[PDB]
Amino acid sequence: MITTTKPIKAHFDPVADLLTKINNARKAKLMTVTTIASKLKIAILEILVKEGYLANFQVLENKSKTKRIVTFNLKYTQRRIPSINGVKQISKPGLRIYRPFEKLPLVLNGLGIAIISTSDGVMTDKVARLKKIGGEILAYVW
Amino acid sequence: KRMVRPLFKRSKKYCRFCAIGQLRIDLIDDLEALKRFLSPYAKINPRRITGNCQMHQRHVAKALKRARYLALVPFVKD
Amino acid sequence: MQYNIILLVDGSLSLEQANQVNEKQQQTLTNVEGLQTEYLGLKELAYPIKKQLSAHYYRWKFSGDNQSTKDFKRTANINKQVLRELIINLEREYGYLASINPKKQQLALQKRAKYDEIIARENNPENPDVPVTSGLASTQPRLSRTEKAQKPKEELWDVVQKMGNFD
Amino acid sequence: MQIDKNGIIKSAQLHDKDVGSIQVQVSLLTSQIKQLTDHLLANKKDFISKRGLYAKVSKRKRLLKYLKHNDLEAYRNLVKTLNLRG
Amino acid sequence: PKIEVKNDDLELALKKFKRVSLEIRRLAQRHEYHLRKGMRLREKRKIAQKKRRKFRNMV
Amino acid sequence: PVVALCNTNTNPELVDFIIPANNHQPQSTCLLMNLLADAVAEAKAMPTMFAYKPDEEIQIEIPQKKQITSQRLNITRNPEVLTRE
RNA sequence: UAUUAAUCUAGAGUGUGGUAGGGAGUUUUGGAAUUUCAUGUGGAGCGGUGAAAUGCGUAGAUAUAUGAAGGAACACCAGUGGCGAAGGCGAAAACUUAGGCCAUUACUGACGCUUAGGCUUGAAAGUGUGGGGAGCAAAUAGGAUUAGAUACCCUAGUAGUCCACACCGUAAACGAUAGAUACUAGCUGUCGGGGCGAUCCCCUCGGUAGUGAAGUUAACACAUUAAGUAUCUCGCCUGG
Ligand SMILES: [Mg+2]
Ligand SMILES: [Mg+2]
Ligand SMILES: [Mg+2]
Ligand SMILES: [Mg+2]
Ligand SMILES: [Mg+2]
Ligand SMILES: [Mg+2]
Ligand SMILES: [Mg+2]
Ligand SMILES: [Mg+2]
Ligand SMILES: [Mg+2]
Ligand SMILES: [Mg+2]
Ligand SMILES: [Zn+2]
């Protein structure tokens, strides 16, 4: 099991909340962070660990089943330098970014990953190209 | 007459009421105590001389000014 | 409500000033509970208000509604001696909720008791008190703190999904 | 004077232990409004009370807007009892 | 500013009376020219800070 | 490969072979510098002075000028940087 | 994402329980100090300045002692401080009243952030009416200084500074830094609530400061109270 001691808060926008958490942990060399858990945030973490930027992401629930928090860690090498270099969100609240498949972006000439949630949850840019279907663009991660 | 004692502690003494935990000030319950905090020249001594914390200093100041109005203490030397 | 008047009357003679206090009591106080009174005595006040260097001191610890003040405050100047009068409403004085709080009252008693033991040792009858420990710092921490230390509301969480947990 | 909050809450409660609903706050708010208009009319130079009075009026208006948006029928019930509209 | 002469010596009395007069002269010179509330508060804070820093190292 | 005896106030990045130890005690300090000197002496064929040695020959004394006090005080010589106007 | 039909409490509020405040308005009260007047003593200057001169004084000034009247502001306390959204708040009391911090096994169940237009407040000066006027002093008069002085100095001096009711709505109204939300080393202070129980000190939750790395900046510098990593909303900028 895993216990905590501190209150867990989150910003209302679920993509940039994670991005701020990730960037601060990367810059400060921190390892364990916490945030509130949402299915969109859970799903985006699902595609990241298959692509390999973070190691683990653990979501827990209360004894009443009314609140859940996901606690993820970053993948630092032995010399303590991260795998994430920079994250940037495109479709911020207010101005939502919609690009068709033909205009699907390529992040850092394919080195980075672009998060696109077309119709079956989040999916990396390359597999989105494979399926020839596009849609919502969440964030740039490299 | 002569000063009761020196600053056996650091450069400061100690807030009396805090140790006794008096928690309450009435002008006819520790009247003789308040004349101590007052300087000989009928003037409210500052922290460096009086030794109380800010709250008890503020509490004593209000009580002493209240006592000054009830005409129980002098107001100035001359 | 609970008020507290501190009357000042001329120093003519004690019984007749007591009668003046009784008159001042039964006339005003529109609605009132028991009006217990004390008699601090004759004192030579510092500044001679109205060139008066004496006075009988009375203290009233009544309690009642807010209307008990208006007539008395007016009757006072319309009255005789009554050099001064102060209605110190103790619900606004510098510290009243703590004084009513029971735990703080009991807490104050042990400190009174305990502080007195230290002062005794300092001023020993005749044997020299080498420590002269009073204002100075104490010994090791108050173990009771370490023992009775609070426990934060440590929310327990239950695992649901996993994958790649280096653990 | 400080309104006997207990009696007004006991009157406006829909069911016991419901000391934090929307109806009890607006019922309490109207009482605070009544007292503050009296106090401010007497004084006419206290502006902190004026700021508080305006804030309480706005909070009551916003609370009534929410309770009108959801379950409008109970909003009608509350308004006829409280007589706050006019 | 009552100071007893004690009639034992004279100098010592003036050694205490000098002190009484300096703190007296401070307020006497303070209450000679009219300053705005902002300048008066500024000068009040200035005197306390000057005295403080000196007291910090006096030990 | 500079080696150093960090004493709680050092940046670990600059040093390579960090040797967590004291630096304010004239006994701990003296023991460790000689220990590194011992590695040199041992390879230099000289008989060791403190390394690989028993208790009786390691005993050392505390220099002059209850327990020893390795406390940092003297805080009063750090007032606010001269300012004011 | 938007719409609709519903559930939940973690956001935000409410209640209970602890609790700190120069928060505000209305009505009374008090003492120093100045001025004027009244009564004594007294006998030649006082006053003012860089130096003086207008000025006051044998009609007895300055000074000293007592008393009376009146107006304005509230020494010390008073701060390596407190409160309020800002302007601001410091003699004492009563009444009315605003917000805030801590703990909540309680309650509603997203009711929240920003805000064009609108409303409220908003230093001092200024206005209108009626009072008040001790001290101070724009305008003004005189004496100085000066090449000249409509200025800096001095002696007088009205409006004004004060109160009530009506306006005016500007300030370097400054933290020269809009509000809200989440995260990001540490150290030293200080204040409040809570936990222990002599203080002192330890821990927790907040407010107010100093130092300080990553980080940011053109640099100065900011640095958990950001000018750092980011979002929402409003206002504003486009050479002199
Ligand atoms: Mg959502
Ligand atoms: Mg006189
Ligand atoms: Mg004005
Ligand atoms: Mg002229
Ligand atoms: Mg003049
Ligand atoms: Mg005019
Ligand atoms: Mg402007
Ligand atoms: Mg300002
Ligand atoms: Mg700095
Ligand atoms: Mg142009
Ligand atoms: Zn104290």
# chains A, B, ... in the order shown; residues from 1 in each chain; ligands from 1
call {"tool": "residues_around", "arguments": {"residues": "segment 52-65 of chain D", "least_positions_apart": "3", "cutoff": "10 Å", "atoms": "only C-alpha atoms (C1' of nucleotides)", "output": "number ranges by chain"}}
result
D: 22-23, 25-30, 32-37, 40, 47-49, 68-70, 72, 75, 78-79, 84; G: 97-99, 111, 119-120
call {"tool": "select_by_dssp", "arguments": {"residues": "segment 36-144 of chain C", "states": "strand (DSSP E)", "output": "PyMOL selection string"}}
result
chain C and resi 37-42+56-60+85-87
call {"tool": "interface_residues", "arguments": {"of": "chain C", "to": "chain D", "cutoff": "12 Å", "atoms": "only C-alpha atoms", "output": "JSON, numbers by chain"}}
result
{"C": [1, 65, 66]}
call {"tool": "write_last_selection", "arguments": {"atoms": "N, CA, C and O atoms", "output": "PDB file, in the first residue's frame"}}
result
ATOM      1  N   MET C   1     -25.558  41.491  29.773  1.00  0.00           N
ATOM      2  CA  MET C   1     -24.180  41.483  29.304  1.00  0.00           C
ATOM      3  C   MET C   1     -23.407  41.619  30.628  1.00  0.00           C
ATOM      4  O   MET C   1     -24.057  41.762  31.654  1.00  0.00           O
ATOM      5  N   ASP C  65     -28.570  44.065  30.315  1.00  0.00           N
ATOM      6  CA  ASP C  65     -28.674  44.501  28.930  1.00  0.00           C
ATOM      7  C   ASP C  65     -27.878  45.786  28.696  1.00  0.00           C
ATOM      8  O   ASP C  65     -27.423  46.454  29.629  1.00  0.00           O
ATOM      9  N   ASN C  66     -27.717  46.129  27.415  1.00  0.00           N
ATOM     10  CA  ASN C  66     -26.960  47.316  27.035  1.00  0.00           C
ATOM     11  C   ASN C  66     -27.643  48.614  27.442  1.00  0.00           C
ATOM     12  O   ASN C  66     -26.992  49.664  27.424  1.00  0.00           O
TER      13      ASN C  66
END
call {"tool": "residues_near_ligand", "arguments": {"ligand": "ligand 6", "cutoff": "10 Å", "atoms": "only C-alpha atoms (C1' of nucleotides) and all ligand atoms", "output": "PyMOL selection string"}}
result
chain G and resi 126-127+158-160
call {"tool": "residues_near_ligand", "arguments": {"ligand": "ligand 7", "cutoff": "9 Å", "atoms": "only C-alpha atoms (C1' of nucleotides) and all ligand atoms", "output": "ChimeraX atom specification"}}
result
/G:170-171,173
call {"tool": "write_last_selection", "arguments": {"atoms": "N, CA, C and O atoms (P, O5', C5', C4', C3', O3' and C1' of nucleotides)", "output": "PDB file, in the first residue's frame"}}
result
ATOM      1  P     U G 170     -10.023  60.935 -10.805  1.00  0.00           P
ATOM      2  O5'   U G 170      -8.473  61.295 -10.802  1.00  0.00           O
ATOM      3  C5'   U G 170      -7.964  62.318 -11.648  1.00  0.00           C
ATOM      4  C4'   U G 170      -7.306  63.420 -10.858  1.00  0.00           C
ATOM      5  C3'   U G 170      -5.931  63.104 -10.301  1.00  0.00           C
ATOM      6  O3'   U G 170      -4.901  63.218 -11.266  1.00  0.00           O
ATOM      7  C1'   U G 170      -7.244  64.192  -8.652  1.00  0.00           C
ATOM      8  P     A G 171      -3.976  61.953 -11.618  1.00  0.00           P
ATOM      9  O5'   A G 171      -2.758  62.074 -10.602  1.00  0.00           O
ATOM     10  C5'   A G 171      -2.926  61.714  -9.240  1.00  0.00           C
ATOM     11  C4'   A G 171      -1.788  62.199  -8.385  1.00  0.00           C
ATOM     12  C3'   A G 171      -0.804  61.125  -7.944  1.00  0.00           C
ATOM     13  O3'   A G 171       0.198  60.892  -8.921  1.00  0.00           O
ATOM     14  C1'   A G 171      -1.493  62.385  -6.065  1.00  0.00           C
ATOM     15  P     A G 173       2.351  58.432  -4.060  1.00  0.00           P
ATOM     16  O5'   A G 173       0.938  58.432  -4.790  1.00  0.00           O
ATOM     17  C5'   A G 173       0.445  57.265  -5.425  1.00  0.00           C
ATOM     18  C4'   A G 173      -0.808  56.759  -4.761  1.00  0.00           C
ATOM     19  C3'   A G 173      -1.457  55.553  -5.418  1.00  0.00           C
ATOM     20  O3'   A G 173      -0.833  54.335  -5.055  1.00  0.00           O
ATOM     21  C1'   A G 173      -3.104  57.180  -4.955  1.00  0.00           C
TER      22        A G 173
END
call {"tool": "residues_near_ligand", "arguments": {"ligand": "ligand 5", "cutoff": "8 Å", "atoms": "only C-alpha atoms (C1' of nucleotides) and all ligand atoms", "output": "VMD selection string"}}
result
chain G and resid 155 to 157
call {"tool": "select_by_dssp", "arguments": {"residues": "chain C", "states": "helix (DSSP H, G or I)", "output": "ChimeraX atom specification"}}
result
/C:14-27,49-51,66-68,70-78,97-100,102-122,144-148
call {"tool": "closest_residue", "arguments": {"among": "B:55, B:20, B:49, B:63", "to": "chain G", "atoms": "only C-alpha atoms (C1' of nucleotides)"}}
result
B:20
call {"tool": "residues_near_ligand", "arguments": {"ligand": "ligand 4", "cutoff": "10 Å", "atoms": "only C-alpha atoms (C1' of nucleotides) and all ligand atoms", "output": "ChimeraX atom specification"}}
result
/G:140-142,150
call {"tool": "write_last_selection", "arguments": {"atoms": "C-alpha atoms (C1' of nucleotides)", "output": "PDB file, in the first residue's frame"}}
result
ATOM      1  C1'   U G 140      -0.443  90.736   1.995  1.00  0.00           C
ATOM      2  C1'   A G 141       2.645  94.635   4.926  1.00  0.00           C
ATOM      3  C1'   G G 142       7.296  95.895   7.003  1.00  0.00           C
ATOM      4  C1'   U G 150       8.000  90.038  -6.238  1.00  0.00           C
TER       5        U G 150
END
call {"tool": "residues_around", "arguments": {"residues": "residue 11 of chain B", "least_positions_apart": "5", "cutoff": "10 Å", "atoms": "only C-alpha atoms (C1' of nucleotides)", "output": "PyMOL selection string"}}
result
(chain B and resi 6+48) or (chain E and resi 55+59)
call {"tool": "residues_near_ligand", "arguments": {"ligand": "ligand 1", "cutoff": "9 Å", "atoms": "only C-alpha atoms (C1' of nucleotides) and all ligand atoms", "output": "list in words"}}
result
residues 12, 13, 14, 38 and 40 of chain A
call {"tool": "residues_near_ligand", "arguments": {"ligand": "ligand 3", "cutoff": "9 Å", "atoms": "only C-alpha atoms (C1' of nucleotides) and all ligand atoms", "output": "number ranges by chain"}}
result
G: 124-126, 161
call {"tool": "residues_near_ligand", "arguments": {"ligand": "ligand 10", "cutoff": "12 Å", "atoms": "only C-alpha atoms (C1' of nucleotides) and all ligand atoms", "output": "PyMOL selection string"}}
result
chain G and resi 238-240
call {"tool": "write_last_selection", "arguments": {"atoms": "N, CA and C atoms (P, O5', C5', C4', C3', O3' and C1' of nucleotides)", "output": "PDB file, in the first residue's frame"}}
result
ATOM      1  P     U G 238       0.977  53.965 -27.528  1.00  0.00           P
ATOM      2  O5'   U G 238       2.006  53.395 -28.600  1.00  0.00           O
ATOM      3  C5'   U G 238       3.410  53.479 -28.376  1.00  0.00           C
ATOM      4  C4'   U G 238       4.188  52.751 -29.442  1.00  0.00           C
ATOM      5  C3'   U G 238       3.782  53.073 -30.880  1.00  0.00           C
ATOM      6  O3'   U G 238       4.938  53.097 -31.718  1.00  0.00           O
ATOM      7  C1'   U G 238       3.554  50.752 -30.489  1.00  0.00           C
ATOM      8  P     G G 239       5.331  54.438 -32.512  1.00  0.00           P
ATOM      9  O5'   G G 239       6.211  55.264 -31.473  1.00  0.00           O
ATOM     10  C5'   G G 239       7.106  54.601 -30.593  1.00  0.00           C
ATOM     11  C4'   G G 239       8.376  55.388 -30.397  1.00  0.00           C
ATOM     12  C3'   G G 239       8.203  56.833 -29.960  1.00  0.00           C
ATOM     13  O3'   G G 239       7.970  56.972 -28.571  1.00  0.00           O
ATOM     14  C1'   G G 239       9.744  56.740 -31.740  1.00  0.00           C
ATOM     15  P     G G 240       7.128  58.224 -28.024  1.00  0.00           P
ATOM     16  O5'   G G 240       8.130  59.444 -28.220  1.00  0.00           O
ATOM     17  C5'   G G 240       9.299  59.561 -27.426  1.00  0.00           C
ATOM     18  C4'   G G 240      10.035  60.839 -27.726  1.00  0.00           C
ATOM     19  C3'   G G 240       9.199  62.107 -27.705  1.00  0.00           C
ATOM     20  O3'   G G 240       8.984  62.603 -26.395  1.00  0.00           O
ATOM     21  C1'   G G 240      10.535  62.074 -29.655  1.00  0.00           C
TER      22        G G 240
END
call {"tool": "residues_near_ligand", "arguments": {"ligand": "ligand 9", "cutoff": "12 Å", "atoms": "only C-alpha atoms (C1' of nucleotides) and all ligand atoms", "output": "PyMOL selection string"}}
result
chain G and resi 209-213+220-223+226-227
call {"tool": "residues_near_ligand", "arguments": {"ligand": "ligand 2", "cutoff": "9 Å", "atoms": "only C-alpha atoms (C1' of nucleotides) and all ligand atoms", "output": "VMD selection string"}}
result
chain G and resid 65 to 67
call {"tool": "write_last_selection", "arguments": {"atoms": "C-alpha atoms (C1' of nucleotides)", "output": "PDB file, in the first residue's frame"}}
result
ATOM      1  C1'   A G  65       3.061  81.645  41.382  1.00  0.00           C
ATOM      2  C1'   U G  66      -2.398  80.757  41.247  1.00  0.00           C
ATOM      3  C1'   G G  67      -7.029  80.831  38.714  1.00  0.00           C
TER       4        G G  67
END
call {"tool": "closest_residue", "arguments": {"among": "E:38, E:25, E:3, E:47", "to": "ligand 8", "atoms": "only C-alpha atoms and all ligand atoms"}}
result
E:38
call {"tool": "interface_residues", "arguments": {"of": "chain G", "to": "chain C", "cutoff": "8 Å", "atoms": "only C-alpha atoms (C1' of nucleotides)", "output": "list in words"}}
result
residues 93, 94, 95, 195, 196, 197, 198, 199, 200, 201, 202 and 203 of chain G
call {"tool": "interface_residues", "arguments": {"of": "chain A", "to": "chain C", "cutoff": "12 Å", "atoms": "only C-alpha atoms", "output": "NGL selection string"}}
result
:A and (1-8 or 37 or 42-43 or 45-50 or 52-75)
